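Undergrad: My questions all concern the structure below.
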Protein chains: 8
Amino acid sequence: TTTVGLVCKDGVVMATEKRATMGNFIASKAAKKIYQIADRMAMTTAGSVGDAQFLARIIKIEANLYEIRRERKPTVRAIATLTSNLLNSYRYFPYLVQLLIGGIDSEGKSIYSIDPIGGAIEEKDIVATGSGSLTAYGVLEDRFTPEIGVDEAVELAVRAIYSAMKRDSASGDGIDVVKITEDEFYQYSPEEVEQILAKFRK
Amino acid sequence: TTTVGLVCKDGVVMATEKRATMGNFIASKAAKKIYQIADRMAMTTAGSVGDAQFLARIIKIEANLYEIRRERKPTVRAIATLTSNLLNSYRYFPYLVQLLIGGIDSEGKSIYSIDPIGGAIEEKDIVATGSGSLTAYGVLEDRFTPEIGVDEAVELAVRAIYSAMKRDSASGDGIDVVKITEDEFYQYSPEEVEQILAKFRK
Amino acid sequence: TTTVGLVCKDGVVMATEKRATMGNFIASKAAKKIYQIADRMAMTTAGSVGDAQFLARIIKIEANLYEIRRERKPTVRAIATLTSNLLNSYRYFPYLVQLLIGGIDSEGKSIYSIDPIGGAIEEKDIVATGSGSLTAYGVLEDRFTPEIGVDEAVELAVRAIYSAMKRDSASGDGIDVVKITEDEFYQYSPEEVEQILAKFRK
Amino acid sequence: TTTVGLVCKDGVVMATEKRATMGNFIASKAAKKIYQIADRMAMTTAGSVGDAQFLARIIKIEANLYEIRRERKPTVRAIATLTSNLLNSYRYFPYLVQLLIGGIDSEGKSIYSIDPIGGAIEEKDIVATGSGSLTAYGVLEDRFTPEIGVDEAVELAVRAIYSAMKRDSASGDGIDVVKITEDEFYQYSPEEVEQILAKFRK
Amino acid sequence: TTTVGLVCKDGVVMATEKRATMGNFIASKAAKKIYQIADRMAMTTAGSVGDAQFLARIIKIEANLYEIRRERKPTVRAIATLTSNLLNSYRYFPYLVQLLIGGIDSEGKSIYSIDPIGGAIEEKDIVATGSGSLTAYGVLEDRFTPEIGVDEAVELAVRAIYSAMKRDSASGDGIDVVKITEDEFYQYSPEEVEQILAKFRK
Amino acid sequence: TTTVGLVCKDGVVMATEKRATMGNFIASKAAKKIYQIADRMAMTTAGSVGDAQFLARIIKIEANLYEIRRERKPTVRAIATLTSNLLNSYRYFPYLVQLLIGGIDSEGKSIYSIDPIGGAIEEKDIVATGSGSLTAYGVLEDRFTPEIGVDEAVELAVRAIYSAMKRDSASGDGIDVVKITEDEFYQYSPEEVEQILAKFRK
Amino acid sequence: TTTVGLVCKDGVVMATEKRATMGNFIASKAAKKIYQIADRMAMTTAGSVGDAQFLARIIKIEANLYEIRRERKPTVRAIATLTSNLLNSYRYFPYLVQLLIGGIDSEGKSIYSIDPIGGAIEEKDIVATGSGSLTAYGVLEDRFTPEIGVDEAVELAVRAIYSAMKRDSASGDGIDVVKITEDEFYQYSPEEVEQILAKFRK
Amino acid sequence: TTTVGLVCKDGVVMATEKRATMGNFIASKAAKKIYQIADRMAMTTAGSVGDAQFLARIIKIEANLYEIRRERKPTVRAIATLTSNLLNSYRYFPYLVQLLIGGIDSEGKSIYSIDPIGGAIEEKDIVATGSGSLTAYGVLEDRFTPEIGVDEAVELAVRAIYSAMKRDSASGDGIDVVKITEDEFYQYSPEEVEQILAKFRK
Ligand SMILES: CCCC[C@@H](C=O)NC(=O)[C@H](CC(C)C)NC(=O)[C@H](CC(C)C)NC(C)=O
Ligand SMILES: CCCC[C@@H](C=O)NC(=O)[C@H](CC(C)C)NC(=O)[C@H](CC(C)C)NC(C)=O
Ligand SMILES: CCCC[C@@H](C=O)NC(=O)[C@H](CC(C)C)NC(=O)[C@H](CC(C)C)NC(C)=O
Ligand SMILES: CCCC[C@@H](C=O)NC(=O)[C@H](CC(C)C)NC(=O)[C@H](CC(C)C)NC(C)=O
Ligand SMILES: CCCC[C@@H](C=O)NC(=O)[C@H](CC(C)C)NC(=O)[C@H](CC(C)C)NC(C)=O
Ligand SMILES: CCCC[C@@H](C=O)NC(=O)[C@H](CC(C)C)NC(=O)[C@H](CC(C)C)NC(C)=O
Ligand SMILES: CCCC[C@@H](C=O)NC(=O)[C@H](CC(C)C)NC(=O)[C@H](CC(C)C)NC(C)=O
Ligand SMILES: CCCC[C@@H](C=O)NC(=O)[C@H](CC(C)C)NC(=O)[C@H](CC(C)C)NC(C)=O
């Protein structure tokens, strides 16, 4: 697993690959690791499949209910705080999961990286997660500039996850990307991604 | 143990062998590892006999009650989510079991592979489970094509579990197969299977 | 790692992929895992890189010296026995390596699979080795027939290692093949292999 | 693994199956587990493949040299004593092996069961060895009589090892049998065995 | 301990020996290990004496109460499912016991082998239990035929447990047998058993 | 295992049963546990079969060599001291064995019980050894009197070991007895023993 | 500790010695280890002093209350079942105690040996308990006959416990005996016992 | 620690940073991690300072002596093999070091990555080492092309190690680079490097 997230001048981008493993056994070539929380909020999951999936459901349901009840969409901060508390409450038998929760809201654009114990770091630009994160961080920290726009940012994301798949046998099989602009919450589809990494080597 | 599941263009196929072991002791040459959940939904069980049998009962009862109460059949997704949550709630003393739940429903055709912690991967084509899964995956990934039809898919299934029995001492003794077409939920009977693997070597 | 070996009616075939890992870290995309011992004898190495490489040198040197001194080429049996004894002598701090030594000699055609403790099995037809062996065994035990000829046997070999790369994150990156006929000891070169697996999917 | 040995009124019979395992992985369907030591002496090996194979070579070589030097064939007692001492000398890091050494000699007919620590029991009638021995002992202790003759004893042997293959997943794949009469040291060949167990069920 | 159970064409047979041990200490030469659950249902117990005894009481009481309340006798399946659930509920500190619950009921004839975790295998013919089971399985799998009748089946049972006592120091001291025909639920008494094994050697 | 030894007014008596076990597995019904060291000296062995057997050989050879060289038979004290030193020298990885070395010599009649560390107690009357010793001691300390004669002493011995077989699953299968009078070193043979315990119950 | 119990043709006899230890420290030369439960029921306690004493009080109180409430004396079976259940309920932190509960009741004469986990064996003749039981079993199994009468049975009991005191340093200091005939529940007093063992050696 | 090595079309480049740590303690801001073995051969060291430094001396001395004695410069292959063997000989208490040995020689251009156990991978293009390697690998695998020339390769190298220092607290403080062309073995000096990374951000 490897997922990235970058805050651009015009939005937010998040991406992940599709591999799920249990040791060296490749259990899945198409695991879902990117979830939609709100209209302009996404979440990427790295860690225990069962734990992540479980938590994802909770997160969604609570974001929904929040809106339906208060007639206001929850801010990423609210969802991040919510999730942190939940995670930390289980600090003595934590959910082995590394979350990325971000998007656009009344407060602006932001991304939060949250660990098993509910430690949340507010990402003001670049972030990678998963067994491949360190390689991904390589290119991200090389080519990123705050003025980057979401459109080239998705290329950068695919670029980084592509590198990581080359040195992390736990990553790979393909890549999902998501752009969160404001006028939209877009998900690229295999075709479009396959054509974006085509300008690379595969 | 070894169980396979493949989503064909015209349905779903699931199969397992009949061996149950405790170390090298072959406790059973005819263990049941394939269960019917709904009219067009089956489940294969790998892992702890006691745990799998216990969970099967729960799964069935809940599927039934769902329908009887809501007058709608539960979707595989619903049963899979249900089962995931249950499994994950016991994550600190998990039910050592690998489940395969699939069939046809209003949403389409699909199979879910669920682990002890409730981690569920949506199988869009091929899947194997059990101590023999890795060998079975060999032939499955070799001869499978999305256009494969349930009828040749059952042959493929028998084919894979047959290879597996040749390298996994924990597998063997025979094989059950199930076809879920729509016009039917068919179970082949020893005779028919014995005649399908007859075109192989035994 | 995943290596296969098959004894055909007209010779011997051995193949391996090129991946070397340390955890999930892919350390090499082109590791050498196939060595030439004598004119009609090869060896594939699975296990500890350092241990395998060390043993490989010893094996070659002793095979050479044997011939140079006795003016006779050593039989695979002689090299296999030699290696077994060496391996077993270190049984209390064994060389973590799974070896495949085979080819053609005055006694005929044969392959030996040898473990860390010097346990050698005489492969009279099919054999796989490495973290991907179980998947490879799948297709090997499915498509193999004693009448198979070395020429289609190299296809089969590529076929099996290809399946294995699909479910073993520790395998992959490419594949070496070697044909040991009698009139020759041939090594296919990337181009030729790339063209043989081209009739598959990649 | 499972091997039996019985002392008849007219000779000695010893048999084993052909399976070699590493966990549930069936590494070999045709492992050799019966060795000829002298003209009227055989040995069956249960345990670590590498250890047994290593010891077998030593046993043979020493039996040979004994005869070549003293122009007398070594008695089973001599080989058994020899092997005991060797085994026990390594008592603190023993060779994980269970040996059966027997045949006919100037002293009569006998079989010795020897363990890792060189503890040798003189079998005056029936004996089984390996992961399947306990099941084999079932039929052996049921149908054996001191007056049994080698010819029906080989049937009995196949009978016992056949039962064992039914409950010991570590046993199976076939069976070697050896008759040691005096006028001969005979090894039945697949055909003959296949026809002897044919009077059973397979 | 060693207990057997066989489903004949005309009924069910179950037998056990009478030894109870704590290490090598023979604590009892006449332990009871065969209980009557219903009119045509018996149960054999292997494992912890205290755990087995405790469970036996619960089983009986619940079978009784079932009939008294529903005016129907409980089927072996119902008792087996009941016992499974109870056993599995205590899966994290299980009752160290191996149970055999069978007899005749409206559904036919059947036997269930149930383990500490509530894993139940439906015995359609032969089954052994206890420290001597593996030896007992030897003769059972040797002499059994589906057409066997309860009358020769009790001989077979005595035969098997007799062999087992010969290689399992934890078994012995005597043997109880029970025939469940339909016209009866018979328990042989020492005299009758002593006379049945008399046709053997003791 | 269980062996006894008693010093009578007219000689020495030593006896043992014939069982050899590995867990609950009865490996032998006729193990030898009584050795002749000199003309009027015997030794019983309890413990590790391999260790006991190895030691027995050394003991014999050294007793022989002692006499051949010094033209005097070695006293039991000399053999006991010899054995003590050998045992104690290996005190940090001792030979798991309990030895009984006694008979008649120029110094009189005596028995020595020696443990793994070479601790030797001079038995002036009664002594038992093995897993059944404690039960054997029961009858020995009950019926023994210093005036007992070797002839009734052998009955006493059989008596004790017979009780022991009744509560020690590790003992049994038969019993060897040896009388060391002076005019003789007699070994009773199955027949004679079978007739001596016949005056008991079996 | 060492306690015996024997069922005679005319009643029941139970005896124990008086030693209580903590390591090699003799804490008591007159510990009470025999309790009266009902008019014709006694109980001997081996094990943890505090645990036994605690359980003894519970046993008595409940036997009493049983009778006072139902105006019937409780059968030994009832008390034994009662105690079993209590013991087993604490199976995960058991009361370290070995109990002997027996006497005469409407059902006949019987003795029950119960362990920490509530495993109760119904003693139909002979039984010993405690650190000395194995030696005591020696004489008991030697001199016992079903026709023995309580009067000689108390001699036998003293006899056995006397032997045990000779080889079990944890036993000794004296011996209590109790006869349960029907016309009486008698306790011999030091004088009478001292005079019964006087016909032995002390 | 983080070191990179790349084989260009016109030579070889190798670089490392200057940090040495013991936990979080920064022990050194200018540790030497690049050594000259021969005229056109360099070595980078990651791992234990003491181990690396020790091994470095041995390597140099042996390379020297080799040339002085044979009047030929040693090939990188020879030094790599030499080093492998040394490392492997100490496989049971290995030198905790990751080595990079490469340069230009009669055989061409190459780099070897060697581990504690003497496992050597032949780097045909890109390679990183140390706690920062995974990040470095990111940019290396992103910007590298076989046609890259040593001159831009040194930029790339500085680029990669610069990224790594950003996410590996164990790396940093500065960076050495070395070009091995043929007409030279050049080492850039702080000034030149400081000016090369100046085109980046620091
Ligand atoms: C659907 C999201 C999965 C994300 C993906 C990325 O890391 N994670 C995984 O694949 C994790 C990695 C392990 C080390 C926790 N795999 C797992 O959690 C697997 C999941 C099974 C469903 C195959 N199980 C175990 C015991 O590891
Ligand atoms: C009916 C379900 C059986 C499926 C089958 C496939 O894997 N599983 C099994 O056979 C499992 C495998 C082990 C490794 C958990 N066996 C078991 O669970 C056995 C079952 C006894 C009834 C013999 N028990 C133990 C303690 O292992
Ligand atoms: C190169 C020939 C060996 C086969 C190859 C394929 O798997 N083996 C390997 O890659 C083995 C696998 C492990 C599980 C022993 N890897 C290793 O031996 C590597 C070696 C490093 C130098 C990269 N890892 C460790 C921790 O020693
Ligand atoms: C070739 C005949 C050997 C006898 C045969 C019978 O038991 N033994 C075996 O098959 C033993 C069994 C294990 C439990 C020690 N297997 C082994 O020794 C295997 C051998 C490898 C070559 C696959 N290794 C390991 C670590 O298990
Ligand atoms: C009473 C019928 C049960 C079957 C019988 C046969 O094996 N079981 C037994 O004999 C079991 C075996 C152990 C290994 C759990 N014995 C026991 O449970 C004994 C029972 C005491 C009353 C002596 N306890 C202990 C701690 O060992
Ligand atoms: C052969 C005469 C020795 C006395 C005999 C009696 O107890 N000894 C034995 O039976 C010993 C007992 C164990 C606990 C050391 N058995 C053993 O030493 C067995 C011997 C094998 C040949 C089955 N080995 C193991 C590892 O248990
Ligand atoms: C009073 C009668 C109790 C029975 C008697 C028989 O064994 N038990 C005893 O004497 C037990 C024996 C040990 C091995 C549990 N002794 C004990 O329970 C002692 C009792 C103290 C009051 C001195 N405590 C300990 C920690 O040992
Ligand atoms: C000459 C190569 C030094 C490279 C440098 C970069 O990682 N290595 C190091 O700093 C290694 C790292 C540890 C994890 C083995 N450090 C060490 O070996 C330090 C050395 C002390 C002189 C500070 N000691 C300990 C106990 O760690």
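As shown in the structure tokens, the chain order sets the letters A, B, ...; within each chain, residues go from 1, and ligands are also counted from 1 in the order they appear.
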Find the residues near ligand 6. Use a cut-off of 7 Å, count only C-alpha atoms and all ligand atoms, and write them as number ranges by chain.
TA: D: 114-115, 119-121; F: 1-2, 19-23, 27, 31-33, 45-50, 52, 96, 130-131, 170-171
Undergrad: Using DSSP secondary structure from the backbone, list all strand (DSSP E) positions within chain D, as number ranges by chain.
TA: D: 3-8, 11-17, 20-22, 25-28, 34-38, 41-47, 97-105, 108-114, 120-123, 126-129, 175-180, 185-187
Undergrad: For the residues in the current selection, export C-alpha atoms as a CSV table (one decimal), in the first residue's frame.
TA:
```
chain,number,residue,atom,x,y,z
D,3,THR,CA,7.1,-47.9,7.1
D,4,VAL,CA,6.5,-51.4,8.4
D,5,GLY,CA,8.7,-54.4,9.1
D,6,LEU,CA,7.7,-58.0,10.0
D,7,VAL,CA,9.7,-61.1,10.8
D,8,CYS,CA,8.1,-64.1,9.3
D,11,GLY,CA,12.2,-64.4,6.2
D,12,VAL,CA,11.8,-60.6,6.5
D,13,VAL,CA,9.5,-58.1,4.9
D,14,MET,CA,9.8,-54.3,4.9
D,15,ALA,CA,7.7,-51.6,3.2
D,16,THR,CA,7.2,-47.9,3.0
D,17,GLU,CA,5.2,-45.4,1.1
D,20,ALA,CA,7.9,-36.5,1.4
D,21,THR,CA,6.4,-33.4,3.0
D,22,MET,CA,7.3,-30.0,4.3
D,25,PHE,CA,3.4,-29.1,1.0
D,26,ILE,CA,3.8,-32.4,-0.8
D,27,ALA,CA,7.4,-32.2,-1.9
D,28,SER,CA,7.6,-35.7,-3.4
D,34,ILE,CA,14.1,-48.3,1.6
D,35,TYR,CA,17.8,-49.0,1.2
D,36,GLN,CA,19.8,-52.2,0.7
D,37,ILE,CA,22.7,-52.5,3.2
D,38,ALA,CA,24.0,-56.0,2.5
D,41,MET,CA,19.7,-56.7,4.8
D,42,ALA,CA,17.5,-53.7,4.2
D,43,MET,CA,16.8,-50.4,5.9
D,44,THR,CA,13.8,-48.0,6.0
D,45,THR,CA,14.2,-44.4,6.9
D,46,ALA,CA,11.7,-42.1,8.5
D,47,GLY,CA,12.4,-38.6,9.6
D,97,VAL,CA,15.6,-40.0,12.0
D,98,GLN,CA,13.8,-43.3,12.9
D,99,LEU,CA,15.6,-46.3,11.4
D,100,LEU,CA,14.6,-49.8,10.7
D,101,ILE,CA,17.5,-52.1,9.9
D,102,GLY,CA,16.9,-55.8,9.3
D,103,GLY,CA,17.3,-58.9,7.2
D,104,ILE,CA,18.8,-62.4,7.5
D,105,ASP,CA,22.2,-63.3,8.8
D,108,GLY,CA,18.9,-65.7,12.2
D,109,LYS,CA,16.2,-63.2,11.2
D,110,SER,CA,15.6,-59.9,12.9
D,111,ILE,CA,14.7,-56.2,12.6
D,112,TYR,CA,15.9,-53.2,14.6
D,113,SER,CA,14.1,-50.0,15.2
D,114,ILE,CA,16.5,-47.2,16.0
D,120,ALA,CA,17.6,-49.8,19.4
D,121,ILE,CA,14.6,-52.1,20.0
D,122,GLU,CA,15.0,-55.6,18.6
D,123,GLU,CA,11.7,-56.3,16.7
D,126,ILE,CA,6.0,-56.5,14.1
D,127,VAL,CA,7.0,-52.9,13.8
D,128,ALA,CA,5.9,-49.6,12.1
D,129,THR,CA,7.6,-46.3,11.8
D,175,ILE,CA,4.3,-48.1,-1.7
D,176,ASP,CA,7.7,-50.0,-2.0
D,177,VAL,CA,7.9,-53.5,-0.5
D,178,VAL,CA,10.9,-55.8,-0.1
D,179,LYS,CA,11.1,-59.4,0.7
D,180,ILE,CA,14.3,-60.9,2.2
D,185,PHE,CA,16.3,-60.0,-1.7
D,186,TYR,CA,13.3,-59.1,-3.8
D,187,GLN,CA,11.8,-55.6,-4.6
```
Undergrad: Just want the 6 Å neighbourhood of residue 161 in chain E, counted on only C-alpha atoms, with same-chain residues fewer than 3 positions away dropped. Output as a ChimeraX atom specification.
TA: /E:136,158,164
Undergrad: Please compute the CA of residue 169 in chain B-CA of residue 173 in chain D distance, one decimal, in Å.
TA: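 Separating CA of residue 169 in chain B from CA of residue 173 in chain D is a distance of 10.9 Å.
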Undergrad: Can you list, as a compact mmCIF listing (two decimals) with C-alpha atoms, in the first residue's frame, all residues belonging to range 25-60 of chain A that DSSP tags as alpha helix (DSSP H)?
TA:
```
# COMPACT_ATOMS: atom_id res chain seq x y z
CA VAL A 49 -8.14 -4.13 5.50
CA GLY A 50 -10.78 -5.15 8.02
CA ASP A 51 -9.99 -2.30 10.39
CA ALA A 52 -9.90 0.31 7.64
CA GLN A 53 -13.13 -0.87 6.07
CA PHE A 54 -14.84 -0.94 9.45
CA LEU A 55 -13.70 2.54 10.30
CA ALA A 56 -14.61 3.84 6.84
CA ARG A 57 -18.25 2.85 7.32
CA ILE A 58 -18.38 4.59 10.71
CA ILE A 59 -16.78 7.71 9.28
CA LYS A 60 -19.26 7.94 6.40
```
Undergrad: Near residue 194 in chain H, within 12 Å and counting only C-alpha atoms, which residues show up once chain neighbours fewer than 2 positions away are dropped, as a PDB file with N, CA and C atoms, in the first residue's frame?
TA:
```
ATOM      1  N   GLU H 155      24.177  15.279 -10.525  1.00  0.00           N
ATOM      2  CA  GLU H 155      23.108  16.195 -10.116  1.00  0.00           C
ATOM      3  C   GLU H 155      21.985  15.330  -9.542  1.00  0.00           C
ATOM      4  N   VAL H 158      22.751  14.042  -6.120  1.00  0.00           N
ATOM      5  CA  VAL H 158      22.572  15.067  -5.099  1.00  0.00           C
ATOM      6  C   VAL H 158      21.090  15.302  -4.856  1.00  0.00           C
ATOM      7  N   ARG H 159      20.332  15.208  -5.940  1.00  0.00           N
ATOM      8  CA  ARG H 159      18.889  15.408  -5.934  1.00  0.00           C
ATOM      9  C   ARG H 159      18.239  14.374  -5.019  1.00  0.00           C
ATOM     10  N   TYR H 162      19.105  14.550  -1.407  1.00  0.00           N
ATOM     11  CA  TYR H 162      18.543  15.767  -0.829  1.00  0.00           C
ATOM     12  C   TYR H 162      17.099  15.496  -0.390  1.00  0.00           C
ATOM     13  N   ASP H 173      23.111  16.726   6.841  1.00  0.00           N
ATOM     14  CA  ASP H 173      24.325  17.469   7.144  1.00  0.00           C
ATOM     15  C   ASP H 173      25.236  17.847   5.975  1.00  0.00           C
ATOM     16  N   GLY H 174      25.071  17.201   4.828  1.00  0.00           N
ATOM     17  CA  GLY H 174      25.921  17.532   3.699  1.00  0.00           C
ATOM     18  C   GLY H 174      26.005  16.360   2.760  1.00  0.00           C
ATOM     19  N   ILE H 175      26.725  16.490   1.652  1.00  0.00           N
ATOM     20  CA  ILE H 175      26.818  15.359   0.740  1.00  0.00           C
ATOM     21  C   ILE H 175      28.088  15.276  -0.108  1.00  0.00           C
ATOM     22  N   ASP H 176      28.701  14.094  -0.137  1.00  0.00           N
ATOM     23  CA  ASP H 176      29.908  13.860  -0.931  1.00  0.00           C
ATOM     24  C   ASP H 176      29.438  13.211  -2.206  1.00  0.00           C
ATOM     25  N   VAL H 177      30.147  13.458  -3.290  1.00  0.00           N
ATOM     26  CA  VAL H 177      29.787  12.844  -4.550  1.00  0.00           C
ATOM     27  C   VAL H 177      31.101  12.480  -5.185  1.00  0.00           C
ATOM     28  N   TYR H 188      33.974  15.988  -5.856  1.00  0.00           N
ATOM     29  CA  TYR H 188      33.508  17.370  -5.874  1.00  0.00           C
ATOM     30  C   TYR H 188      33.791  18.461  -4.846  1.00  0.00           C
ATOM     31  N   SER H 189      34.195  18.145  -3.628  1.00  0.00           N
ATOM     32  CA  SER H 189      34.462  19.248  -2.692  1.00  0.00           C
ATOM     33  C   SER H 189      33.191  19.990  -2.315  1.00  0.00           C
ATOM     34  N   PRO H 190      33.057  20.345  -1.036  1.00  0.00           N
ATOM     35  CA  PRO H 190      31.873  21.053  -0.543  1.00  0.00           C
ATOM     36  C   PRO H 190      31.335  22.154  -1.449  1.00  0.00           C
ATOM     37  N   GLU H 191      32.221  23.050  -1.868  1.00  0.00           N
ATOM     38  CA  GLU H 191      31.871  24.177  -2.732  1.00  0.00           C
ATOM     39  C   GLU H 191      31.065  23.746  -3.947  1.00  0.00           C
ATOM     40  N   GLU H 192      31.634  22.853  -4.743  1.00  0.00           N
ATOM     41  CA  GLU H 192      30.967  22.382  -5.945  1.00  0.00           C
ATOM     42  C   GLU H 192      29.620  21.711  -5.698  1.00  0.00           C
ATOM     43  N   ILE H 196      25.740  22.738  -6.575  1.00  0.00           N
ATOM     44  CA  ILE H 196      24.907  21.870  -7.400  1.00  0.00           C
ATOM     45  C   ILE H 196      23.506  21.733  -6.801  1.00  0.00           C
ATOM     46  N   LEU H 197      23.432  21.703  -5.472  1.00  0.00           N
ATOM     47  CA  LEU H 197      22.142  21.582  -4.815  1.00  0.00           C
ATOM     48  C   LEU H 197      21.544  22.973  -4.681  1.00  0.00           C
ATOM     49  N   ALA H 198      22.315  23.985  -5.073  1.00  0.00           N
ATOM     50  CA  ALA H 198      21.846  25.367  -5.006  1.00  0.00           C
ATOM     51  C   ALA H 198      20.744  25.574  -6.045  1.00  0.00           C
ATOM     52  N   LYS H 199      20.788  24.776  -7.114  1.00  0.00           N
ATOM     53  CA  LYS H 199      19.793  24.846  -8.182  1.00  0.00           C
ATOM     54  C   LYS H 199      18.525  24.107  -7.744  1.00  0.00           C
ATOM     55  N   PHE H 200      18.433  23.808  -6.453  1.00  0.00           N
ATOM     56  CA  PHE H 200      17.284  23.093  -5.909  1.00  0.00           C
ATOM     57  C   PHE H 200      16.546  23.940  -4.870  1.00  0.00           C
ATOM     58  N   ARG H 201      17.070  23.998  -3.645  1.00  0.00           N
ATOM     59  CA  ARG H 201      16.430  24.788  -2.593  1.00  0.00           C
ATOM     60  C   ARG H 201      17.352  25.146  -1.422  1.00  0.00           C
ATOM     61  N   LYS H 202      18.519  24.507  -1.354  1.00  0.00           N
ATOM     62  CA  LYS H 202      19.474  24.783  -0.283  1.00  0.00           C
ATOM     63  C   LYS H 202      20.910  24.636  -0.769  1.00  0.00           C
TER      64      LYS H 202
END
```
Undergrad: Of the residues F:24, F:81, F:73, F:107, which is the one nearest to ligand 5, using only C-alpha atoms and all ligand atoms?
TA: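 So, comparing all the options, the nearest one is F:24.
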Undergrad: Using only C-alpha atoms, determine which residues of chain F fall within 7 Å of chain G; present them as a list in words.
TA: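 Close enough to count are residues 134, 135, 136, 137, 138, 139, 141, 142, 163 and 164 of chain F.
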